[PDB]
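Chains as they are written, first to last, in the numbering used here: chain A, 202 to 247; chain B, 256 to 303; chain C, 778 to 844; chain D, 144 to 192; chain E, 80 to 177; chain F, 25 to 72. The structure under discussion appears below in the form of structure tokens.
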Amino acid sequence: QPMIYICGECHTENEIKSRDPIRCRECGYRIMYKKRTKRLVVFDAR
Amino acid sequence: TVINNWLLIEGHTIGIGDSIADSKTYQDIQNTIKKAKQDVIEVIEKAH
Amino acid sequence: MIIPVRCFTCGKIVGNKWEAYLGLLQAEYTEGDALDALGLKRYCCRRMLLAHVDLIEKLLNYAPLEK
Amino acid sequence: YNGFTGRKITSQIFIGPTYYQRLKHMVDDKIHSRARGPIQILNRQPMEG
Amino acid sequence: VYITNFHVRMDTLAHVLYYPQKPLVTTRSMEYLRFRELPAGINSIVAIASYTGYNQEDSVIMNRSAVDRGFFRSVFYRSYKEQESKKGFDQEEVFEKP
Amino acid sequence: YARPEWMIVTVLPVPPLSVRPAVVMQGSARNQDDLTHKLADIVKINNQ
RNA sequence: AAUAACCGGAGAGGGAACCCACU
Ligand SMILES: [Zn+2]
Ligand SMILES: [Zn+2]
């Protein structure tokens with residue numbers, strides 16, 4: 202259920218649940234990115 | 256349609272070669288401009 | 778952003794030439810001579826390796842914000 | 144040389160390298176069409192943009 | 080390449096090009112703009128001659144093999160935004176799958 | 025069709041809601057066009 | 001000793017000003 206986000210400056214993986222402060226568990230950074238999808242992807246070389 | 260199809264073969268272009276003339280005509284240009292320039296200079300002197 | 782692996786007009790493989798070309802230029806050769814040594818005879822292939830700009834070093838200079 | 148027939152071009156041509164810049168006015172950002180879509184509130188006319 | 084850190088910078092309507100190339104023929108002044116480091120546009124062997132009659136006025140006939148090999152293939156960006164808002168209990172905006 | 029004393033007005037006409045529509049933004053519904061505000065001021069002053 | 005219940009039952013919501021850019 203909870204999603205996997207990435208700190209940025211730490212580069213560290215962290216978990217966050219909805220309606221929660223957006224802080225890294227150890228440095229408490231505020232910028233938060235989201236990880237790539239698990240769904241497949243396929244491009245024709247064209 | 257037809258004239259474009261013939262242009263396909265004949266070819267119509269434009270290039271730096273078409274923008275250049277011969278040295279004798281260039282010399283004529285220089286002579287003409289020099290004569291006119293010195294004449295206008297003389298006119299300026301007369302006015303002065 | 779990287780060397781184009783092929784000549785836009787011909788198709789000659791050019792991507793592999795880049796590191797060797799930098800080696801030659803560091804080897805104190807005039808770019809024309811070094812290029813001819815690398816074997817680019819037409820000017821529709823010479824242009825790419827002569828006047829290509831490498832930004833990938835600039836992009837690598839930064840940190841990976843995604844890890 | 145013509146590439147369809149193969150015959151040589153009658154008149155020589157000017158050629159050579161130069162520099163081009165493709166502009167920001169891509170076509171995909173201009174083409175659109177309407178078929179009885181929405182309407183403004185104040186007046187019963189098609190939207191804009 | 081409008082600025083080096085375009086990947087991280089999240090602008091709106093940002094265009095960037097696969098293969099910038101410093102122009103073959105230029106002034107001396109260009110390199111003082113760093114325009115050699117962030118060039119825009121690609122050289123192109125052109126031929127000034129009406130070929131097929133498909134390029135009458137301000138038109139050009141492009142080799143398609145170049146387009147397929149990387150001639151001017153550009154990428155285009157766009158960034159959105161959204162401010163979830165909490166209000167005085169008459170309205171409360173939250174992020175959730177509807 | 026016209027009379028001199030009709031030029032002086034004693035009753036203010038007011039149009040239907042079409043002339044002054046009401047709009048909802050973000051579900052607020054607070055967005056009200058200037059016609060409603062002007063009419064509100066008019067009626068307030070008239071009552072006073 | 002009980003019988004097809006619309007079975008892709010779809011209209012949309014601001015606007016107003018300013019600046020930029022294309023003809
Ligand atoms: Zn952190
Ligand atoms: Zn080539």
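Positions of the beta carbon are idealized from the N, C-alpha and C atoms, including for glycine.
Counting the other Cβ atoms within 10 Å of the Cβ of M190 of chain D gives fewer than 16, which makes it exposed.
Each residue's CA atom was taken as its position, placing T280 of chain B and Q803 of chain C some 50 Å apart.
Counting C-beta pairs closer than 8 Å gives three or more between the stretch 117–131 of chain E and the stretch 89–109 of chain E, which meets the contact rule. Relative to ligand 1, the beta carbon of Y230 of chain A is positioned inside 7 Å of a heavy atom. Within the stretch 204–218 of chain A, those residues whose Cβ lies closer than 7 Å to any Cβ of chain C are, in chain order, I207, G209, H212.
Looking at the DSSP output, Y206 of chain A sits in a beta bridge with A:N215, A:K235. Counted as a single uninterrupted DSSP element, the alpha helix (DSSP H) harbouring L263 of chain B occupies residues 257–265. Using a cutoff of 7 Å, the CB of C784 of chain C does not count as near ligand 1, since none of the ligand's heavy atoms is closer than that. Inclusion of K794 of chain C and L826 of chain C in the CB contact set at 8 Å is warranted, their separation being smaller than that value. Following the DSSP letters along the chain, one finds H94 of chain E inside the beta strand (DSSP E) bounded by residues 94–96. Following the DSSP letters along the chain, one finds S278 of chain B in no beta strand (DSSP E) but inside the alpha helix (DSSP H) bounded by residues 278–302.
Proximity of the beta carbon of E843 of chain C to ligand 1 is not indicated: no heavy atom of the ligand is located closer than 7 Å. Using a 10 angstroms sphere on the CB of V80 of chain E, the tally of other CB atoms reaches 16 or more, which defines it as buried. Taking the C-beta atoms as reference points, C225 of chain A is found no nearer than 8 Å to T238 of chain A. Taking non-hydrogen atoms of ligand 1 into account, the C-beta of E214 of chain A is found less than 7 Å away from none of them. Pairing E116 of chain E with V791 of chain C gives a Cβ-Cβ distance that is not under 8 Å. Proximity of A145 of chain E to chain C, defined by a Cβ-Cβ separation below 8 Å, is satisfied. Cβ-Cβ distances below 8 Å link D90 of chain E to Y156, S158 in the same chain, with the five nearest sequence neighbours on each side left out; the list follows chain order. In this structure, the CA atom of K68 of chain F is about 14 Å from the CA atom of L59 of chain F.
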